Structure formats: C-alpha cells, structure tokens
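Here the structure comes first, spelled out in structure tokens, and everything after it is commentary.
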Amino acid sequence: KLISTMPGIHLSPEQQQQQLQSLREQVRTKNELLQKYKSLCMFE
Amino acid sequence: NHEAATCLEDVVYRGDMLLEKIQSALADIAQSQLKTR
C-alpha cells in the first residue's frame, strides 16, 4: 500500500480531473499555434 | 545616372514590399506568443 501511495492523493484525484482538461487544453493550444504558424500564407 | 537611380530604387522597392511583409510575418507571430504567456 505504501508503494501504492505515490499513485494517489499526492495531487488530489478531483484536482487530477481538473488538470486532465489542463493537459488536454495544453495539447490543443500547442496544436493550435502549430497550424496557425503553418496555415498562413506569409508570402505574397 | 538617371536610370541608375531607377534601377536602384526598384530593387529597393523589392526590398520594401518584402520587408513590410516579413516584418508583419514577424509581427503576427510576435504578439501571438504574448497571449501564450
């Protein structure tokens, strides 16, 4: 169980639920800036 | 010497429209990383 402590309440499971959306938003905004950099035709 | 002014100013204008575009192509990603924070 002590081995099974470092998975657990180190970061609260409800807080884990909130930061899952934070990581998903991080992935999505990283992708968003990637296709904003790639998509625009800076050449005339 | 008249046409040398025109031949110089035309490639200056090629620099002018190119720098105006890429400084904006600098700018559009320059403030874009501000709101990334």
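Backbone-built Cβ (ideal geometry, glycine too); neighbour counts: all protein chains shown. Computed from the coordinates by the stated procedures, all read-outs in this text should not be read as laboratory data.
Restricting the stretch B:3-33 to residues that are within 14 Å of A:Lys36 (Cβ to Cβ) and in a helix (DSSP H, G or I), the residue that is nearest to the other protein chains (Cβ to nearest Cβ) is B:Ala25. It is to be established whether one or more residues within the stretch A:23-33 are among the acidic types (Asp, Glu), loosely packed, with under 10 Cβ neighbours inside 10 Å and not in a loop (DSSP other than H, G, I, E, B). Within the stretch A:23-33, none of the residues are among the acidic types (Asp, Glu), loosely packed, with under 10 Cβ neighbours inside 10 Å and not in a loop (DSSP other than H, G, I, E, B).
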